[PDB]
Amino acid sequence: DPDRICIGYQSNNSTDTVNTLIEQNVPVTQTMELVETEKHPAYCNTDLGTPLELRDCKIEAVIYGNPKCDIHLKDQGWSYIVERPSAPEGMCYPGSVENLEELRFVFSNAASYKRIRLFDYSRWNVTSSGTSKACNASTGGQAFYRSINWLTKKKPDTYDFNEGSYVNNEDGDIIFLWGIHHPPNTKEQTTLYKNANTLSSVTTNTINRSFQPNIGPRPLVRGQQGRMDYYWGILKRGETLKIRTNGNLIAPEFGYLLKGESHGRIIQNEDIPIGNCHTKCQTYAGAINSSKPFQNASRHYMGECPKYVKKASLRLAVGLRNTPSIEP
């Protein structure tokens, strides 16, 4: 009978629940999910450009110019590198790259390269462009690295101290590459290089390195008891590279003029394909398109990405405790 006024609050059919410090699965009228669990499982383009996919060749194989990797000889740029673990081609002639991790780092952190000829060994006083069964071209014939040149003695038993200069007049720093061949016998040393002990020096304005061969039989790898030690250096803008050898030098032929900065990533992934897509956020498990503060895709990402959390869900209460409704 008396006139009445009542205070009330919203109830609704929301099935949303949140966790609080003191309470599990509290029903609330409005929530928001803070973890993005949706992604596009592909390696997409970013604002820094297209990923370089290496299906056949590891990075060192491209740089040194393994003759099965001629598709990569062209001047190229990338936002990041996808190196397939299954990629069979590395260094074709048995031997190790000194500071391999630092080489892959400086190369991959660039945005692009131009291949620069440092030397022409046709005019040199040696037999140049030596080949090996270890380093077969894709067309089948025995070949060698495109970036470094196997110099042997001139046919009438001659290998004098040959030297050359290159001046970096390019617009950037150049990666230059070389090898030192170690024959298995003292017989092979003299049948290739004439001299029983050689001095090979690689010098610039800042670097001062020399190499003698270390003759002795190594275990057979890809049909070779011989071995090469692979080396690299950086020739800065305006610096002069000087090489001097009387044998055993696998001399620098082509260097790599690095330009710009990529995401500086080498992703070692097999089964995520390169996509014809554009993304603001590329994770190592695929591309994300979200305004949510978190994602559970990968801790490894590039661009502008939600923070990584190993959690299915973080639901934030916006509305109030959802109660069974009463009649006003």
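Numbers follow the displayed sequence, beginning with 1.
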Can you tell me whether 151 to 159 has a higher mean C-alpha B factor than 228 to 236 in this record, or the other way round? 151 to 159
Of the two stretches 189 to 197 and 110 to 118, which shows the higher Cα B-factor on average in the entry? 189 to 197
Identify, among 82, 207, 177, 103, the residue whose C-alpha carries the highest B-factor in the deposited PDB entry. 207
Checking the entry, which one of 299, 55, 292, 265 has the top C-alpha B factor? 55
For residue 183, does the deposited CA B-factor place it in the lowest, middle or highest third of the chain? highest
Among the modelled residues of this chain, does the Cα B factor of residue 140 put it in the lowest, middle or highest third? highest
Taking the entry's C-alpha B-factors for this chain, is residue 8 in the lowest, middle or highest third? lowest
Please place residue 77 in the lowest, middle or highest third of its chain according to the CA B-factor in the PDB entry. lowest
For the chain shown, is the CA B-factor of residue 288 in the lowest, middle or highest third of its modelled residues? lowest
